[PDB]
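> Here is the sequence, then the experimental structure:
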There are 4 protein chains.
Amino acid sequence: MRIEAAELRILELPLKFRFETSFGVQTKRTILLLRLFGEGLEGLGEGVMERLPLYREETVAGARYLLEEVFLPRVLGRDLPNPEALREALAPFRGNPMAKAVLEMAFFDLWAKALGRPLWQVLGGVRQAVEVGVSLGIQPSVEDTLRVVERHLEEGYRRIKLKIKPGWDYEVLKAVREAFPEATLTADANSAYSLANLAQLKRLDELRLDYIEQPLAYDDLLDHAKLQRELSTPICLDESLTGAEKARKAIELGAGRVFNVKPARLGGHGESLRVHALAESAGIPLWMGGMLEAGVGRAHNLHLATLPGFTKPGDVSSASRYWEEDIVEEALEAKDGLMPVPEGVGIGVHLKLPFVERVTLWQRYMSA
Amino acid sequence: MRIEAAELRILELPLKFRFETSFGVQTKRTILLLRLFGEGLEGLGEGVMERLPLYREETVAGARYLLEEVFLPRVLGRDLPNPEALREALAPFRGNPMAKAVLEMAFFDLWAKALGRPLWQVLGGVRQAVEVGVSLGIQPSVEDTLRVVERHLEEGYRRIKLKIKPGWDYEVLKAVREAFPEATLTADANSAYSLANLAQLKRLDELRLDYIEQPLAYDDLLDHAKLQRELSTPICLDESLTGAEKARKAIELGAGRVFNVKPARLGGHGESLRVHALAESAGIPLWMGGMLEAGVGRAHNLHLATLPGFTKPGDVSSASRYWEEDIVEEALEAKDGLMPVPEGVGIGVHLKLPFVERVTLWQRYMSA
Amino acid sequence: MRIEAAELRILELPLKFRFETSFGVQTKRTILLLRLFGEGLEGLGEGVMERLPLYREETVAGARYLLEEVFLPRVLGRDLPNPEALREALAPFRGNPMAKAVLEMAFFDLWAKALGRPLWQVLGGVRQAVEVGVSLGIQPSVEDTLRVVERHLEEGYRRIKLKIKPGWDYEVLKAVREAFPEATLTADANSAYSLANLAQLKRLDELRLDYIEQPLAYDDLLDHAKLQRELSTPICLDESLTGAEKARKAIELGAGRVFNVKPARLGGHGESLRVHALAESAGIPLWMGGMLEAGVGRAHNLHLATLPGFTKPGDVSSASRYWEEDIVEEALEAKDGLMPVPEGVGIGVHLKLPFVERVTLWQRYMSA
Amino acid sequence: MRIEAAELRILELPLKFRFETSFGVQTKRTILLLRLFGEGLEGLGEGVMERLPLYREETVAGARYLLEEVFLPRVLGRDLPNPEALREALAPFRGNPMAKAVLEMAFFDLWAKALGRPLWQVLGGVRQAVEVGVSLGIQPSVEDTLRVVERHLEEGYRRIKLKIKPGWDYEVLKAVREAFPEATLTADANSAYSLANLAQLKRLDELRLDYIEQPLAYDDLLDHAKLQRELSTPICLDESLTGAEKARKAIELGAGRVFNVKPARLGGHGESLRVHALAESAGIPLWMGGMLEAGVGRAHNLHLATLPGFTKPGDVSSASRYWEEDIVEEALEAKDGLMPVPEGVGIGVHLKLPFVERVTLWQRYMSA
């Protein structure tokens, strides 16, 4: 496939809800969108980095620069027989997996479309519907927490994830467990702990959580391995998994027994397939993470989540929970705990251009 | 892709040289050949198992039974969206990777053909010629060894592999190394050693071999890991690597630092790609192994050997060194240390049915 | 002993009950039977492999080929002073322990008969009755499970083994434990788990099961060792123990604290004696596993189960639970939890030839 | 087999050479001889313990008391189906393996005789001649050492063992190695070192010795394991290997890579066969050790040395190097590096009662 042209845009998309972060509260998403054109087809890619480096180090500004002035010029007009070629073309540039992912994923979409197949089929998927889990923030009280969990269980979610922190973990989780003895419950420890809190984390073992996500430093594997050795509960890694080498080291160290997969965090689908092979060979369950994606990112996530190693519910809930209006024509809605994979070749969604234009803050067209 | 029909044959092809084994000297290959038919296309697969279980446990008879009465009946006429679907269909059957490989590799060929692409492109390859290494059995003398090695070096081979054994390792290898200080030299220790021979093997460290292949038991990883920790020379695993789980365990234990990849030994291309991801994530070099294949197998090996993790020369020399006449129309011949990947969709070779019929000992046609 | 002739048969023997497997439900056994003739005596061997490679990799077809065309021709007419000679004669052939076991065990029977002694006496046994345990599959409900366990306890079984799987383990086992506080209870985890399920398996520690059999991969030792390190409950290995070297590695790794011995799985009595020496030297209890054997296999198992290291009840229950008609004249029936060892030289049972002929699907006589 | 009666004697046989020990120079062997009578047959056993506890803790006096007043009274007239029954009968008595060995080995002889077979055949042997190595004490000089070694090499011995000690190891061994570059050379470090001497011992790695025997404490495994990890030369264990449990622990710790087997040190053939299974399962070579035995012991050693795991030459040289007259009619003489196993049922030798009576210091006959 020879990429003939590319269009990069920065969009500002309003969120239906408002959520708090480590730097105030966020109410909108600034999204880097990429369209790749080749052989009369169009591949789509969506950035998961934000304006501030809060989840991790990249920003929309930094990724925009790399894509516009380094990565697209590197691949425009080049004959790339497959996604591996694209990966090798970007190999000299260190880090920046999310910026690379926008292009790598858009290209995988374009390639799958040129092959005439749905993306999941090309990636090696084995299902066309994904189980849905939900994530809840820290609530004002134990009562409020039970209320929210009960409603989400009534709606059909197949796993409930609750945010915790020192001083707000055992009691609230224990109350939920007692009220819902058979619910699949997980904790998002949000890198709010250190090995100093080992006893507090071990205390959660009696609650039978499916896993405790990223309790220690966001870029750590060694201390998580020390922690995991002491817990019967699986430690699930998210921010620490930036690529296949880290996944390999996590397995060698025993740093986590469950992996949260976010393709963009990893650098794209090529890297995700490598992580999938690694996890599958070690019996490590995978589930699809969410990053408040608009329709393009959500569809990419759904196609990748069809792989055999994804055996646990992912954060791929209805687009309507996030956006009053999504950027694709499709209504990506789940029901009875399942989210179908959008039909069609590639990622199976189509941009709603007039709306996209209306929410474009900046744009640039480049041709080979 | 739905497999509409399949033809299985057992062929007998005389080799141009005498091949020493653990139970006799082999002069012919008994080959299980598979043709898969679907959507007007033909996928080709070739078995690497033999009449006797000498290299490993499978036999032509055992594999013929599984393919004819178990595997083909299970997949004939079924909708297989991709190779992963085929993998899952055969999952209930334990072991027998070479028997599964005939079908799985023939299917990958058919699938790539249905996608309209060369197999290497679908597998993630990044090159179209593979570096060629040569293998040498134990010679009557050191002078003879030197003579043969010198000849192969003049011929352009990029790696020389010498079979060794207790009592015939250090002096012969040391003589070759002194005569050819810059040559890439390798040893095939042929499972001829035990940890009792640790000293003899460690003595080879001074010769700067590129790797020592499978010196200990054919189904071991633990003792090889103990050996590897004592040697600076990389231990290369062959028979021990039967699948991705063994490869993951080899990485955890440090059982070897180079992997010999034989797709059929692993169960096919799907399994090889998983091993590739694992090796690549640990910086473990791969090279394509050989099993005296006729043209279909040699072509499959070439397409897989194009992947990025294959960084050392493979046993993919000219078909003419093996056969007076091969079963494919193409002349798979190397030149100046390089073997081109045959062009065309899928594996790129075509069977010469008239010659195939003349060397067919048995055949069966099956349709959905 | 010089083997003068051998007769191999494939029999189809109806099962009184019908049991479910990983590929539908089975209702009959396809049995490879071997008769070895020498010095006017006859040794008997029975294959435990089936038509499909579900328990492990071998099949009746694959073993038939090896015995008829490779192994019997290798030993017919050869002077074999003892079973060790037979083992060395087959050493060049890798794997296929069950196919080798048919011949090795038949020969051990013939040898013991030529020595004029019962097989147990020659193998080093110290008892003439074996304690009997029973194995139950997954039942429709906890109530049904209690019902079945209670009846088997009334009948006098000395150990009850219950099949479990993720989602069906703690609650059912806990209910049985509570209803029968002093019963010897074990779990057959049927390779249905991975290290991901560590917490679920550790949770069983409070139930005081005598052991949990083969919870992880069928060909694994490394992950079972990691699991065992976390459990007070002994992990019992079955499929992973394919020979003495694996038993040695299991001891080095601490992969299991109890071993299920199935002589055919191991390659025969010679290999079983080696495993017995290894286990006994590490204080690892042994018990006799069952593979739905007809009278020949059951008698072999009983004679081997007399060894000192077998300190726990085995799956050697009455032949009448399996067959409406067995292939030997003897009625191998247990009572009050004990199964006597059949009397006479060698394995002490005699073929009921007319019946055997009636259930023969194929046969072949070969002479030296 | 029921032992109907037993005759125990203490003999004194003058040696043809002076034997250096830790407390005097020995010129005579004081031998505990046992004759077991049953079913008209006679089993022979010979003690390897001496008057002083120099090699290990037992003495002729201590062993005489145990056999005469404890072991024989316990087994006389009892039905012993096999050697395992004898083993269990003596189980309550701790240690004293050499005293138990006289009875256990005499019983194995009687049992094999009752079965009508050569002892090696019943033990699982696969050969009828054993390779012969020779031992040399510390000589007055390096030249003397060279002279002796040269002579033994001309004589056909297949391994040369040289006693060494701190201050007399590297230079003497290096001189021998230079003079005989191809000779199989071994060292008997005689428990003369400690980990304090790690450097002196590691210095020997360059000499390519086949093994270094028992350099550290006679009852140690832990320190030898620490030493072995630092040496490429295999450490060979002798005094430390008192039974199968110690052998299992030596394998777990990696305390040695070669085992010297002396059946009496181990408690007999039953224990030796267990050690054999352990060593074989770990690829640890065995060789038959010597204890200056008269003909009965030398014959027992030869029959046991036929087992497959014995792959290195043993100290089983000609009886004539030790005795002007031996206690058996047979002339146990080696030729061209090989010692034949004496023919006949059991150990194959016959006592010359007249000579035995002349060298008897004490005797006692006991009947059931």
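Arrived safely, thanks for sending. Numbers count the residues shown, from 1 in each chain, chains lettered A, B, ... in the order given.
> So residue A:222 versus chain B, what's the distance?
16 Å (Cβ to the nearest Cβ, to the nearest Å). Bear in mind the C-beta positions are built from the backbone N, C-alpha and C, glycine included.
> pretty sure that residue contacts residue A:256?
No: contact criterion Cβ atoms under 8 Å: residue A:222 and residue A:256 do not qualify, at 11.9 Å.
> More neighbours: which of the two?
Taking neighbours as other Cβ atoms under 10 Å in any protein chain shown, residue A:222 and residue A:256 compare with residue A:256 leading, 28 against 13.
> Return the residues of the stretch 1-150 of chain A in contact with chain B.
Contact residues (Cβ under 8 Å from any Cβ of the partner chain) of the stretch 1-150 of chain A with chain B: A:81-85, A:88, A:115-117, A:121-122, A:124-126.
> would you turn those into CSV with distance to residue A:362?
Formatted as CSV, the residues of the stretch 1-150 of chain A next to chain B follow (distance: Cβ to Cβ, whole Å):
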residue, distance to residue A:362
A:81, 32
A:82, 31
A:83, 27
A:84, 31
A:85, 29
A:88, 30
A:115, 32
A:116, 34
A:117, 33
A:121, 35
A:122, 32
A:124, 36
A:125, 35
A:126, 40
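> ok, now which ones touch residue A:146?
By Cβ atoms under 8 Å, 6 or more residues apart in numbering or on different chains, the contact list for residue A:146 reads A:175-176, A:179.
> three-state assignment of it?
With DSSP: H, G, I helix; E, B strand; the rest coil as the basis, residue A:146 sits in helix.
> Identify each buried residue in the longest strand along chain A, please.
In chain A, with assignment by DSSP state E, the single longest strand is strand A:5-21. Using 16 or more other Cβ atoms under 10 Å in any protein chain shown as the test for burial, strand A:5-21 gives A:5-11, A:13.
> swap in stretch A:227-236?
A:227-228, A:231-236.
> Just flag the most distant two among the residues you listed.
Farthest-apart pair in the buried residues of stretch A:227-236 is A:232 and A:236; separation 14.0 Å (Cβ to Cβ).
> Could you tell me which residues touch both of the two?
Counting by Cβ under 8 Å, 6+ apart, nothing touches both residue A:232 and residue A:236.
> Please identify the helix or strand for the closest residue to chain C within chain A.
Relative to chain C, the nearest point of chain A is residue A:283 (3.2 Å; Cβ to the nearest Cβ). Here residue A:283 sits in a region with no helix or strand, counting by DSSP states H and E.
> Would you mind confirming that it is in contact with residue C:191?
No: taking Cβ under 8 Å as the definition, residue A:283 is not a contact partner of residue C:191, at 11.1 Å.
> what do these two both touch?
Joint contacts of residue A:283 and residue C:191 (Cβ under 8 Å, 6+ apart) are C:216-217.
> Now do the contacts for residue A:30.
A:10-12, A:50-51, A:60, A:361.
> Counting neighbours, what do you get for residue A:2?
If we define neighbours as other Cβ under 10 Å, then residue A:2 has 12 of them.
> My error: substitute residue A:171 in the last question.
Neighbours around residue A:171, by other Cβ under 10 Å: 10.
> nearest residue to it other than its sequence neighbours?
Spatial nearest neighbour of residue A:171, excluding adjacent residues (Cβ to Cβ, 6 or more residues apart in numbering or on different chains): residue A:142 at 6.6 Å.
> repeat for residue A:313
residue A:133 (3.5 Å).
> To what extent is that neighbour buried, counted in neighbours?
Applying other Cβ under 10 Å, we find 24 residues neighbouring residue A:133.
> Repeat that for residue A:157.
If you count neighbours by other Cβ under 10 Å, residue A:157 ends up with 22.
> Then residue A:223?
If you count neighbours by other Cβ under 10 Å, residue A:223 ends up with 16.
> What is the three-state secondary structure of it?
Strictly by three-state DSSP, residue A:223 counts as helix.
> if we can go back for a sec, check contacts around the residue nearest to residue A:313.
Applying Cβ under 8 Å, 6+ apart, the residues near residue A:133 are A:157-161, A:184, A:186, A:287, A:312-315.
> and the residues you listed, which of them are in strands?
Secondary structure from DSSP E places A:160-161, A:186, A:287 of the contacts of residue A:133 in strands.
> Most neighbours among those, please name it.
Result: residue A:287 is most packed of the ones in strands among the contacts of residue A:133 (other Cβ under 10 Å), 27 neighbours.
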